[PDB]
Amino acid sequence: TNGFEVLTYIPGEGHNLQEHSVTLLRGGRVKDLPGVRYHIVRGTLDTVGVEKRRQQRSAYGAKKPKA
Amino acid sequence: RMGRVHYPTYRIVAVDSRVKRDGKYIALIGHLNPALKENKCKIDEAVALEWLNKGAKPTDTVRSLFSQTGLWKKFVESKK
Amino acid sequence: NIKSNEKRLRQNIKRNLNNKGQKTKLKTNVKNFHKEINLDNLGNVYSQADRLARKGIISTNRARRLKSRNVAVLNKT
Amino acid sequence: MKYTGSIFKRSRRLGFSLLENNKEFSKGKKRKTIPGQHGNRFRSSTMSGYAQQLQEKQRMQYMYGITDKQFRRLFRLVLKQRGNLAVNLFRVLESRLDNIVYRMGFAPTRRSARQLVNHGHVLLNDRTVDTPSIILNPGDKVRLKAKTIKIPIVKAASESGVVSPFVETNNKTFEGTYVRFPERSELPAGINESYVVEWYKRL
Amino acid sequence: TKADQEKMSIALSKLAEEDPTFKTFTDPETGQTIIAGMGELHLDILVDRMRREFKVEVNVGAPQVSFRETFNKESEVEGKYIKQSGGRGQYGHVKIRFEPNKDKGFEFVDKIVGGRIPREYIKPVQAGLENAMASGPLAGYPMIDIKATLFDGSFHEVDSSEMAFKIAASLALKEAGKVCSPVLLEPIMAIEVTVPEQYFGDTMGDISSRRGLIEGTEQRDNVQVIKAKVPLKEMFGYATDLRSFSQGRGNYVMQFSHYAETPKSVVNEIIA
RNA sequence: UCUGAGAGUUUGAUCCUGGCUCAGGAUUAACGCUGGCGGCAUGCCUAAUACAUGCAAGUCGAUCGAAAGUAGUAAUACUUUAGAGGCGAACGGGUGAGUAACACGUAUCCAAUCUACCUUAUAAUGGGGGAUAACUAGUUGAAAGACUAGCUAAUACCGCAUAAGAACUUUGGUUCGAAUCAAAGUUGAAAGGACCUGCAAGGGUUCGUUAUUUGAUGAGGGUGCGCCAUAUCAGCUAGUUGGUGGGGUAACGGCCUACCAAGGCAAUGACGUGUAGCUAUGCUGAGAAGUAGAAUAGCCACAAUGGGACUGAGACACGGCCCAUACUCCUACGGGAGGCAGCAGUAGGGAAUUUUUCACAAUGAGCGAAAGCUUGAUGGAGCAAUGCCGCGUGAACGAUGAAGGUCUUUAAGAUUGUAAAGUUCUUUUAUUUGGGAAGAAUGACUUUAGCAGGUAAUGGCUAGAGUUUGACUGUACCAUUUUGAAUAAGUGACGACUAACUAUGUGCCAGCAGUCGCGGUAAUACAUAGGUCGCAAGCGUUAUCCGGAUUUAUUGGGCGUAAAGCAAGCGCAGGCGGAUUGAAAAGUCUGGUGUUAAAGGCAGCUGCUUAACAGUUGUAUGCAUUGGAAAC
C-alpha cells in the first residue's frame, strides 16, 4: 500500500496475477529461493480460491465445501 | 465504584465531597454492595471521628449510614 | 463561546477596571512616599493596604511585605 | 467438542472399554481392533513414552469429557491444594456431576447423566443445574421432583444401583448425597496421573 | 503509472457502486484497461466524475484488442544449439518440419526410425515448439494453425540434455517462421442489424466504405436484416456512426465470429 | 525448600567452537474457513489528519430592582426571567506531539511558603452616598449587533464609627536562623435576606457578612537515590559562576535589575544527537531479569499554533479573552464567527478497532435553608468469537454390523459403524403461558415522641409514616409454562521430529515447504477420494515479547590448534592489596519505629452454575530515624 516494491511467491497450484492484482500476502522464508521471503494468500480481493480440499481452504482462503 | 456489570460494589470512603473518587485516600472506611441490600460494612468510626472533626464530609448518601453508626449521638451533641 | 463566559466577562471586566483603579491609586501613594518620607503618607498606605487586602485585590503577604519595607526604611528617618 | 460422537470408535484404537468391558464387547461381536483402512501389523511400531502419555491423558479426559480450557481449570484447582497432587486430582476427577450420577445408580451412562443435567431434570441443593461440570462437595442433597416418572432410564438405573462408600443414595426415593472423598482403590489403575501433571507446566 | 492504475481502480470502486453496467477488463496481452460506456455524453460524465468528483487524473486512449499470427507454405529446417552458460558443456540438435494446418492447432508427428532421438526426448521437443511460436517477427503475436513433424535429431553424451533439444527446436521454429513469410489474422465480429426502412443505404455505404463482409439482403417480417462479418476495429465509432445517423434509434448484436487474414493495408497500419 | 523436561541439524563418521528452526506461552491481536448462545470485560495502536450536528458545566427570585403573563374590582399572590449580584468554573474527561529531566516513585526538608467553599475560636453584623445594570427613545442594516441621550435596585461599588482579635512600629521579656509575651504608635470591621414571634418595644430561628485562631486539602519550593542509547559526539560556559543593594514571587531564589569581579562545570561523558510521557504494573521464565508502560489507578505536559495578559483562593483556563499565524464557514460583501487531544458520529489510512443509543434509575459532582436545576460524567443498554469462562447440536437400549461406498485389490472379511435403521424418552437452549426480583437497608416530607440555649413561637437535631425514585426489565430464569430430536460442527496434520495412511493421478514438471528435505516414471512427502488422529465454536496463517537460549553465561562461558592475549616494555588514575594491637562502626548484619495508597499476584473467606471474575482479610520488596554487633 506504500512504496515497497519487493519479491513474493504464488503458493498453490495455478495463479491469478493480473499485473495489477490487489491481494494479501504471507510472511515466511523459503530456503530454496534466496531473497524471497513472501507469498500471496489465495483468495483475497482478486485471487479466486480453491475448494474440494481437506487441505488448505483454511489457508489459501476458499469457502467451506458445499454439498 | 468497582465490580462487574449486574454486580456493583463501592467501598465506602470518608473522602472530600469536592475531590473526585477513585484516587488516593487518607483513610478508607467501610464497603458496601448496593445490588442486594443487606448492609454489610467494615466501618471504623475511630479515624472517621477525626475526619469529621476536620470536616472531610463523605459522599452524598453516607449520612444514612452515619445514623446507623450513631455518631450523631456522640458528635453533634458533644458540647453540652 | 457560551453564555456563561459572556456573563463572567460582563462582570469581571468592570471588576477589573475597579481593581486597576485601586491598584493605580495605591501605586500613586507609593510614589508620593518615594518622593518624601512622612507619617501622613505612612497612614495613607496603612489605610490603603486594609482597603485593598480586605478583598482579593491585594494579597496579604504582598501588602505586609511592602508596608514592612517602607516602615523599615522609615525607621532610620 | 462436547461429545466424542461415536464412543465405541474411541475404544477401537484404545482397546479399552469405557464401561466395565461391555462397550465394544456385546453389540453383535467384539470389535477391539484399531480403525483405519491402512490397517496392518502393528505391535511395537507406534508405541513410545510420548505415545503412552498421550494414551493415558486421552483416556483420562474421555472418561470425563473435559475440554482443554476446563482441563487447565481443573489442573489449576488441584494446584490450589497440596499433598500428592496426582491422587488429589484423581479424587477431584470424580467431582463431575454426571460421573457421580452415573456412579450413584441414577444414570446407566455418564453421557445420559450429562444430557439429563442439561435438560434440567436435576436439582442440586435447591438449584437446578444445567451445566454438568459443577464441582461436588460433601453434604449435598439432590431432588428429581417430577421429570423422572416419564424417564425410564433413571428408573432402570435406580434398580441397577451402585454401591459406593464415598456417596450415599436411596435409589428408591431418588435421593443422592456426596459423603466423602473417593478412594483410589475403587477406581481403575491403568491410568498414570503423574505424567500429565509433568506435561502441564506450559503456561 | 502503476500507482495511477491503483488510483483508477479506486475510482472504479467508487463509480461501480452507482451503476455497474459498465464493464472493465485488464487484458493480459494488450494491457490497457478497457471500460465500457454508452456514448459521448456517458464517457464524458465518467471522465468528469473521475477528474472532479474523484480527483483522479488518468490519461485516455483507444481500445485494445490486437491480433493473432500464423505463417505461409511449409518448410523444413534443423536446430543445432551447442552452447553453455554456467559451468560445463551443453549441446542439442533436432530436425523438424514446419508445416501449416489451417484448421488445427499444434500437432506433432514423429519420424524417428533409426533411433536418432530416444522416446524420452519426443515430448520435451514438442514443448520447445509450443513455446517457440509465441513470438512473431512482424508484431510478436503467437503463431497458431501449424502442424509440426519431427524428422531427425542427435542425442550426444552428457553434453546433451532435454532443454538443449527444446532450445534447438525453438531456433528451428523461429528460423523456419522467418523463412516462411508469416502473416497476421484480425478478429472478426458477426454483427446483425435490423432496421425497418430508414438506414438501408446508410448501413450499406458505411460497411462498404469502412470494412466488412456482406452479401445482399434478408427480408424479415416487416424489416430489413443485414449480417456482416466485419473486423472488430471497425466498431470504433460505429456505435455512434450508426446511432447519430439513426438519431439514437439504432441497435445491433455484437458476436465474435473468427480470425481472418489481414490485408496489406492492415499490415502497414499497425506496425511501428 | 521457592523451584529447572527439549527436539532435529554439517560430515566417511565422531564430537567440539558455534549458528539455525520449531515444539511453549503471551497479543488493544490481525486474516482465512466457519460460526446458536450464556456470563466476564474490553473493543484507534495508523493521521495532535481534517470535521457537519447535538449535548459537552452550569446554578441560585427566600441576593437584587424590575420586566413579561395569569388570577384578583385594586392591592397583592402566583408563573417565567432580559438582566444584575453570589458561587461553580482550574472539577472532570481526553490526548501523548512535546519533554531524557526533580519527572516519575521514594525518604525527608521546607530556621524559607501559601492554601475560598469545609474544622476549631471569638468580636460583631452600622451610617450613608453615588452610580449603573435592565429598560425607554433615536441613529446605521434583512439581521445579528453596534452607537447616542434619560430613569433608577442590589447581601453590587465607594467613603464615613469603633475596631474584640491580629499585623506593622518602638521598648522590655525568648531560641541554637529561630520563637514566644508585655506596654505604647498607627491603620482599617459587616449587608443585609427570609421566617417565627412580638400591638409595639423588641426577642428568637436561619442564611449571609466582617476580622480573628486553628484543621485539612491542594500547590509551590530543597535535595539523595532509582528513572534510554550514542566518544565513528571533548570542551562547554558570559546571567554564564558568585558576591552588595533594590525590585520582585504566597516564600527563597539573577527570578530580574544597578554595581563588583571572573569563575563554574565536563573524561565518574557535559554538550550534541536520535529514541521517550513516568510509575504501580500486563505478559514471559524458578529467579536474577526481559517484555511494554494495555485499560485502570497516581503524577506531569497540552488544549489549532507563539506569546501576552484578565479576574478569581486557585488557570495563562477542552469547550474564558486579545494579537499574530494557518484553516474553515456565512455575508444581500460592509463585515463577522469558530476551533471534538469531550461524548459520539463523519472523511482518509490500514487488516481493523463499535452507538451522533437510553435514564440521569442508582452513584457522583456542582448551584441553592428549602424545594428544585445542570450532569454526552455516571450507570446501563447496542454491536464484535476480540480475550476469558460456560453450555448444545440428543439420549436409554439398539447388528457378526442396515444400504451404498472404501480397501482387501472378483473371492471372504474388515470398513464406514451404535455411526445406521428401529423402539422409547427428554427439552437448558428454539419456542406459548403466568410468576419475577433486590437494586432505592437511600434521598426527599410535614406533622408526632423526644433532645436542645431560647421560649412568644417557627425553626436546629435523632426514632416510624407514604404520597416518593427502574432505563435496565414481565429481564435473566422458573411451575412437561405449548409443541417438539426437534433449533445447529468445523478445522488442521497424517515421511520423521509429531500419537495420524491406504487407493488413484502424477512425472525435479506440477507443487509441498518449521527444519531435515521430497517429486525426473507404481510419491505412504506432491494433487484428489476414502480412512486415521488432535483441538473445537474455534481451528488454521502472519507479525511481534519471552521461555526454550545460560546463545553478551556476577548470578549463569571462554580466550593454545575454533572467535578470542594487543609485538613488547615504561606505564599514571583506578582496581586489588604483608602481619600485629585500638576505636568509631562509614560500608555491612541486625533490633525498635515510621513510611512504602488502592489495585497486581500468594493464600483464606464470601457472592457467583463449580467457573473465569468481583469484594473481604493479610502477605511484601525499597528508604529514613534510633540501639547494638566488631568478624571483614
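Residues numbered from 1 in each chain as written, not as in the entry; some residues may be left out. Chains lettered and ligands numbered in written order. Part of a larger assembly, values for the part shown. Heavy atoms only, no water.

The record names cryo-EM as the way this model was obtained, at a resolution of 8.2 Å.

Moving on, we come to the overall build of chain B. Helix and strand content of chain B: two helices and two strands. Expressed along its principal axes, the backbone C-alpha trace of chain B runs to roughly 50 × 25 × 20 Å. Every one of the 80 residues in chain B was classed for burial, and the buried ones make up 25%. Pairs at least 24 residues apart make up 36% of the contacts formed inside chain B by residues separated by at least 6 positions. About 6,300 Å² of surface is accessible on chain B, with carbon and sulfur atoms providing 57% of the total. (Helix = DSSP H or I, 4+ residues; strand = E, 2+ residues; numbered from the N terminus. Buried < 20%, exposed > 50% of the residue type's maximum accessible area, 1.4 Å probe, protein only. Contact = heavy atoms within 4.5 Å. Areas by Shrake-Rupley, 256 points an atom, 1.4 Å probe, with all protein chains shown as cover.)

Taken together, the side chains of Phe4(A), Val6(A) and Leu7(A) make up a nonpolar region of the molecular surface, amounting to roughly 350 Å² of accessible area. Residue position: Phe4(A) is located in the segment before β1 (25–27). (Patch = residues over 30% accessible without salt bridge, like charges linked within 9 Å, V, L, I, M, F, W, Y side chains within 5 Å. Salt bridge = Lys/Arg side-chain N within 4 Å of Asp/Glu carboxyl O.)

Approximately 1,600 Å³ is the volume found for the second largest pocket. Taken together, the elements giving at least two residues each to the lining of the second largest pocket come down to β2 (38–40) of chain A together with α1 (2–16) and β1 (24–26) of chain E. Sort the elements by how many residues they give to the lining of the second largest pocket and α1(E) lands first, with eight residues. Looking at side-chain class alone, the lining of the second largest pocket contains 15 nonpolar, 13 polar and six charged residues. (1 Å grid on protein atoms, 1.4 Å probe; cavity = no way out; pocket = protein on both sides within 12 Å on 5 of 7 lines; lining within 4 Å. Points joined across faces, edges and corners; volume = space filled by probe spheres on them. Nonpolar A, V, L, I, M, F, W, Y, C, P; charged D, E, K, R; others polar.)

Structurally, chain B and chain E remain out of contact, their C-alpha atoms never closer than 43 Å. At no point do chain D and chain E touch; the closest pair of C-alpha atoms across them sits 36 Å apart.

Let us look at the pattern of salt bridges. One pass over the full model with this rule turns up 22 salt bridges over all chains. When the shortest N-O distance is used, the salt bridge between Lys172(D) and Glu159(D) registers 3.4 Å. Pair noted here: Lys172(D) is in the loop between β3 (167–170) and β4 (175–178) and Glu159(D) is in helix α7 (residues 152–159), with a separation of 13 residues, a long-range link. When sorted by exposure, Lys172(D) lands in the same class as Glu159(D), which is exposed. The partner of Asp152(E) in a salt bridge is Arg116(E), and the shortest N-O contact between them spans 2.7 Å. Of this pair, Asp152(E) sits in strand β7 (residues 146–153) while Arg116(E) is found in the loop between β6 (107–110) and α3 (122–132), placing the two residues 36 residues apart along the sequence. Among the charged side chains, a salt-bridge network with shared partners connects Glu78(E), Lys80(E) and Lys95(E).

Tallied over the entire structure, the rule returns nine aromatic pairs over all chains. Where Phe66(B) meets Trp72(B), the ring centres are 6.1 Å apart and the plane angle is 65 degrees; that geometry is what we call edge-to-face. For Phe66(B), a relative accessible area of 10% gives the class buried. With 3.9 Å between their ring centres and 15 degrees between their planes, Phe71(E) and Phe98(E) make a pair best called stacked. With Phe71(E) in the loop between β3 (68–70) and β4 (75–82) and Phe98(E) in strand β5 (residues 91–100), this residue pair connects regions lying 27 residues apart in the sequence. Neither residue differs from the other here; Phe71(E) and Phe98(E) are each classed as buried. Through a chain of ring-to-ring contacts, three or more aromatic side chains come together here, namely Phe71(D), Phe75(D), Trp199(D) and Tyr200(D). The ring of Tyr7(B) has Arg4(B) lying over it, and the distance from NZ or CZ to the ring centre is 4.8 Å. Positioned above the aromatic ring of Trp199(D) is the side chain of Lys57(D), whose terminal nitrogen or guanidinium carbon lies 4.0 Å from the ring centre. (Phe/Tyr/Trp six-rings, centres within 6.5 Å; stacked < 30°, edge-to-face > 60°. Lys NZ or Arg CZ within 6 Å of the ring centre and 35° of its normal.)

Examined against the element boundaries, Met204(E) turns out to sit in helix α5 (residues 200–210). Put simply, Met204(E) and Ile188(E) are 16 residues apart on the chain and 18 Å apart in space, counted from C-alpha to C-alpha.

All names here are of chain D. In terms of strand pairing, β3 meets β4 through four bridges, oriented antiparallel. Paired with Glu168 across the bridge in β4 is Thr177. Turn length for the β3-β4 hairpin, with the two strands adjacent in sequence and antiparallel, is four residues, and the turn residue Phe174 shows positive phi of about 55 degrees. (Pairing = 2+ DSSP bridges.)

What follows covers the protein's contact with RNA strand F. The environment of RNA strand F is made up of 152 residues, and the closest members are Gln11(C), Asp50(C), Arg51(C), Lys9(D) and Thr67(D). When atoms of RNA strand F within 4 Å of the protein are split into backbone and base, the sugar-phosphate part holds 76%. The separation between a sugar or linking oxygen of RNA strand F and a polar side-chain atom of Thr131(D) is 3.2 Å. Per element, the largest residue contribution to the surface near RNA strand F is eleven residues, and it comes from helix α1 (residues 3–35) of chain C. Residue composition of the surface near RNA strand F, by class: 36 nonpolar, 53 polar and 63 charged. (Near = heavy atom within 4 Å. Polar contact = N/O pair within 3.5 Å; in protein donor to acceptor, adjacent residues only side chain to side chain.)

Right, let's get into the environment of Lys32(D). Residues and elements named next belong to chain D. You can see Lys32 is positioned in the loop between α1 (8–14) and α2 (49–62). Residues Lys32 and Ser17, 15 residues apart in the sequence, show an inter-C-alpha distance of 8.7 Å. Non-local contacts of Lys32, meaning those with residues more than four positions away in its chain, are made with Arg12, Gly15, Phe16, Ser17, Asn21 and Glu24. From its side chain, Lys32 meets the backbone oxygen of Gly15 in a polar contact 2.6 Å long.

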